[PDB]
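What follows is each chain in one-letter form.
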Amino acid sequence: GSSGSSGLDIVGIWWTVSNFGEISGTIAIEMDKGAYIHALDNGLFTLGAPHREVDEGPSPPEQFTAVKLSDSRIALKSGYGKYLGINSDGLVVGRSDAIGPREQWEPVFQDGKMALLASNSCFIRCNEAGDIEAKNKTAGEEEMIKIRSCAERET
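Residues numbered from 1 in each chain as written, not as in the entry; some residues may be left out. Heavy atoms only, no water.

The record names solution NMR as the way this model was obtained.

Structure (structure tokens):
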């Protein structure tokens, strides 16, 4: 050991992005410490169980496909084959094969931090019960997520 890639948090085949321009293609998001955003067939989303190992990749449904559009907006595609669109109530759901307003997203980056902001001018997070909904504009400490990419590197 004593060599590899110091500076960027890389795990297995996923590396943390630096800016929006880097956030492209298949990517994975992490809300909790180890837990990832899971998807449901019924049309809901809950926090999936965390990983026991240190170096491991997320599940097929846990992963999401990012797509650049405009105005620093990217489209997320659930592993099931749908687009992550926020409901009227404010619950992160995925039941549409199109890129609508609710499907549109707007990532942020301040002092290194970052948070997935919905089209309703509000961030998103999950609860202990497993209810993923959009929170107020206020960005809490837990609200901070870790965006990871698994695209072609330059090494």
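**Section: the pairing of strand β3 (residues 25–30)**
Of the strand pairs in this sheet, β3 and strand β6 (residues 64–68) are connected by 3 bridges, and their pairing is antiparallel. Looking across to β6, one finds that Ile 27 is bridged to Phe 64. In terms of strand pairing, β3 meets strand β14 (residues 146–149) through 4 bridges, oriented antiparallel. Along β14, the bridge assignment pairs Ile 29 with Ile 147. (Pairing = 2+ DSSP bridges. Helix = DSSP H or I, 4+ residues; strand = E, 2+ residues; numbered from the N terminus.)

**Concerning the pairing of β14**
Inspection of the sheet shows strand β2 (residues 14–16) paired to β14 by 2 bridges, in the antiparallel sense. Paired with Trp 15 across the two strands is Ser 149, which belongs to β14.

**Examining the nonpolar core**
Membership of the largest hydrophobic core comes to 28 residues, with the highest contact counts inside it found for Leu 76, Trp 105 and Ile 124. Looking at this core, the elements that each hand over two or more residues are β3, β4 (37–39), β6, β7 (74–78), β8 (84–86), β11 (115–118), β12 (124–126) and β13 (132–134). The contact partners of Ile 124, leaving out residues within four places of it in the chain, are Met 31, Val 92, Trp 105, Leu 116, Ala 118, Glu 133, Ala 134, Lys 135 and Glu 143. (Core = buried A, V, L, I, M, F, W, Y, C linked by side-chain atoms within 4.5 Å. Buried < 20%, exposed > 50% of the residue type's maximum accessible area, 1.4 Å probe, protein only. Contact = heavy atoms within 4.5 Å.)

**Digging into the side chain of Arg 148**
Its location among the elements puts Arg 148 in strand β14. Polar contacts involving the side chain of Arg 148 include one to the side chain of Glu 30, which spans 3.3 Å. In contact with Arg 148, other than residues within four places in its own chain, are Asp 9, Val 11, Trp 14, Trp 15, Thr 16, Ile 27, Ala 28, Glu 30 and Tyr 36. (Polar contact = N/O pair within 3.5 Å; in protein donor to acceptor, adjacent residues only side chain to side chain.)

**Observations regarding the packing of aromatic side chains**
For the structure on display, the rule yields 0 aromatic pairs. Its guanidinium or amino end placed over the ring of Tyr 83, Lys 77 lies 3.7 Å from that ring's centre, counting from NZ or CZ. (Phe/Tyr/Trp six-rings, centres within 6.5 Å; stacked < 30°, edge-to-face > 60°. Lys NZ or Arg CZ within 6 Å of the ring centre and 35° of its normal.)

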